[PDB]
Amino acid sequence: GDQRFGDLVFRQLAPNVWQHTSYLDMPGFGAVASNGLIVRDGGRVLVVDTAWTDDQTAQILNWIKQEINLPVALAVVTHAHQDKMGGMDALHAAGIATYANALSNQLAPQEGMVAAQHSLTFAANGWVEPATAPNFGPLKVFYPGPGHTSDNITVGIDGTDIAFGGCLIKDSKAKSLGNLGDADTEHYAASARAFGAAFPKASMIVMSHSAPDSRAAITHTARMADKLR
Ligand SMILES: Cc1c(CP(=O)(O)O)c2ccc(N3CCCC3)cc2n(CC2CCCC2)c1=O
Ligand SMILES: [Zn+2]
Ligand SMILES: [Zn+2]
């Protein structure tokens with residue numbers, strides 16, 4: 001059930017959850033799909049990840065306006081790369097409170113990203129320090145450890161079977177682990193499984209560059225990561 005809205009695709013995953021998809025024509029490799037989430041929490045909307053660009057991100061807000069018609073209370077972005085943080089200005093222009101890993105906001109300038117307004121910090125166990133993620137409601141935010149990037153974070157939705165690995169997790173039939181230029185070879189496998197252990201009740205794993213999968217994605221990604229050991 002893919003709904004086309006301008007150059008973006010929206011798919012309902014569950015009663016209060018949609019997957020937003022945006023495309024960037026990358027030279028030689030084609031038009032790359034990137035996924036985030038839109039979660040209705042009672043009388044407000046929560047956004048996970050921007051589109052690639054400000055224009056695309058503004059089309060997510062246009063879609064929310066038409067299809068939900070409630071204020072976007074906050075957005076959380078899963079690491080400091082264009083597919084996840086490219087549209088930060090569009091969120092700020094819309095007056096939306098924005099949250100990222102402290103380290104994402106630290107990296108954002110040199111990555112050519114605009115920093116989120118607010119910084120998340122994580123306890124030893126990797127769960128977000130609740131003080132830093134206020135009014136997140138059903139969004140459960142977890143730092144699995146260094147993987148796809150050193151600053152990558154994951155999000156589960158309470159009252160839902162859905163967990164989001166971002167660019168850390170690839171689908172169960174994936175060939176490679178993709179871009180590893182900013183990756184941590186050592187702890188990737190561990191981080192991939194820490195995400196799995198953090199959301200064990202999650203039967204639908206949403207990820208950046210594939211349609212939603214089974215938990216096989218996590219094991220498959222972790223198993224492919226174990227070759228980097
Ligand atoms: C940041 C980044 C991404 C997004 P992410 O998956 O790393 O989050 C990317 C995402 C996808 C991608 N092709 C998709 C199929 C296989 C590879 C390449 C990506 N390249 C490398 C390009 C930079 C300019 C020319 C090559 C990236 O630099
Ligand atoms: Zn990335
Ligand atoms: Zn990615």
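We count ligands from 1, going down the list as the structure has it; atoms in each ligand are counted the same way. This chain uses plain numbering: 1 for the first residue, then up along the sequence.
- Put simply, the side chain of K170 gets close to the backbone of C167: a donor and an acceptor are under 3.5 Å apart.
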Identify each donor-acceptor pair in which a side-chain atom of residues 192-200 lies under 3.5 Å from a protein atom, sequence neighbours left out, and give them as a table.
from: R193; atom 1: NH1; to: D226; atom 2: OD2; distance (Å): 2.8
from: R193; atom 1: NH2; to: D226; atom 2: OD2; distance (Å): 2.9

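- Of all protein atoms, those of element N, O or S that lie under 2.8 Å from the Zn ion (ligand 2) number 3.
- Between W52 and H209, the angle of the ring planes lies from 30° to 60°, which puts this pair in the tilted group.
- The list of ring pair (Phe, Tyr, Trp, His ring centres under 6.0 Å) pairs with a residue in residues 160-180, not counting sequence neighbours, is empty.
- There is no side-chain donor-acceptor pair under 3.5 Å between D55 and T53.
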Note down each nitrogen or oxygen pair, ligand 1 side and protein side, whose separation is under 3.5 Å; give only atom names and the distance to 0.1 Å.
from: ligand 1; atom 1: 6 (O); to: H209; atom 2: NE2; distance (Å): 3.1
from: ligand 1; atom 1: 7 (O); to: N179; atom 2: ND2; distance (Å): 3.1
from: ligand 1; atom 1: 8 (O); to: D83; atom 2: OD1; distance (Å): 3.1
from: ligand 1; atom 1: 8 (O); to: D83; atom 2: OD2; distance (Å): 2.9
from: ligand 1; atom 1: 8 (O); to: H148; atom 2: NE2; distance (Å): 3.3

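- Judged by distance alone, with hydrogens and angles left aside, the side-chain atoms of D41 form no donor-acceptor pair with the main-chain N or O of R44 at under 3.5 Å.
- Between the side chains of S208 and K84, at least one donor N or O lies within less than 3.5 Å of an accepting N or O.
- Of the possible donor and acceptor atoms, one in the side chain of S176 sits under 3.5 Å from a partner among the backbone N and O of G178.
- Judged by distance alone, the side chains of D184 and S150 never bring a donor and an acceptor atom under 3.5 Å apart.
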